[PDB]
Amino acid sequence: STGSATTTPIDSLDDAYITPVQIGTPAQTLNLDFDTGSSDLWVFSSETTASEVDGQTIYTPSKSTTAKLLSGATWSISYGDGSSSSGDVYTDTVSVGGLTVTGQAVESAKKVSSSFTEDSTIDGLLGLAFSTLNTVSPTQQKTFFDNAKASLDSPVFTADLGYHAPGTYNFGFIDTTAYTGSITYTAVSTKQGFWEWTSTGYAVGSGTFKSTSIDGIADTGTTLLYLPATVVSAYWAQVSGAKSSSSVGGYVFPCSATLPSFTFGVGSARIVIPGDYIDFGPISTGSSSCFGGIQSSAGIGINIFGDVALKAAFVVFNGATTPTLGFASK
């Protein structure tokens, strides 16, 4: 089998991407944030504290003839950005772009933190990291990809995120028309439960390539590119007036600037992030200080190849017996 679904930016800055997901019988369609940095499929629901729902579409398990309470199971998760959610668990039928899994764990939120409530466009998350990170207790549950894998034509999914435009998540096949040149594959460590790999270096604009190993995660659920402070300083030094602001929480730059590109290495291959991808707009409405899309990972404890990086590439998440990652230009 295969599946194919369009993923759409939630706003004009590409702050995140939503993909429609069918849950239950009859189908209840929710728009979920596909997150290769976590491993829980959770949704706003009929059980969510009423004051914590503000415009989201909810899953109502009592209206699904295929929903079954997973007795005794609870979940609770906290994300790198400080947000969190928790609740109980059902199993139900879940389909993405024509690909169907029966008996998928659907984690129903009883509580969500403020940033989720405040974002009316995201109805929940669909985790695509390794199932070892799944938070369900006392019986850990599998991700949608893990449940689907054996049935897929090839044990892979691909992320093709757009810049200020829709893109595609495919399951079970590689669309050879969606990229240019060849796909360069690189090793993955699953020891922390992430799609963790090592970039071979970087360049700033038309500058010379610096060969250096940068360990990090391919994370569709993180907006920006978080890299070591040395790398980030070298980038922003090429933008007149750019500076790190403690009060804002990162590098800012004059909105009047033209940003240079940023290149990252994948083996001997190179992915170029155009400068415009690195502009995240005014820090507050009407400001002429703009927020940068490349930020320091210092104090996160890990480098993160988030959407800013991933959207410049066609990315293969290869779930073969030994997982690997593939990157192509597009």
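Here Swiss-Prot sets the residue numbers for chain A, with the shown residues being 90-419 in order.
Here the Cβ of each residue, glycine as well, is placed from N, Cα and C on the backbone.
Listed features, source Swiss-Prot:
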type: DOMAIN; residues: 106-417; note: domain 'Peptidase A1'
type: ACT_SITE; residues: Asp124; note: active site
type: ACT_SITE; residues: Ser288; note: active site
type: DISULFID; residues: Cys344-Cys379; note: disulfide bond
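Between the C-alpha atoms of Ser288 (active site) and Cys344 (disulfide bond), the distance comes to 30 Å. Taking the Cβ of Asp124 (active site) as centre and 10 Å as the limit, one finds 21 other Cβ atoms among all the protein chains shown.
Look at the disulfide-bonded residues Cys344, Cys379 and count other Cβ atoms within 10 Å of each Cβ; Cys344 has the fewest. Note: the CA-CA distance between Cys379 (disulfide bond) and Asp124 (active site) rounds to 26 Å.
Cα-Cα distance from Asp124 (active site) to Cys344 (disulfide bond): 30 Å (rounded to the nearest whole number).
Of all Cβ atoms in the shown protein chains, 22 besides its own fall within 10 Å of the Cβ of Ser288 (active site).
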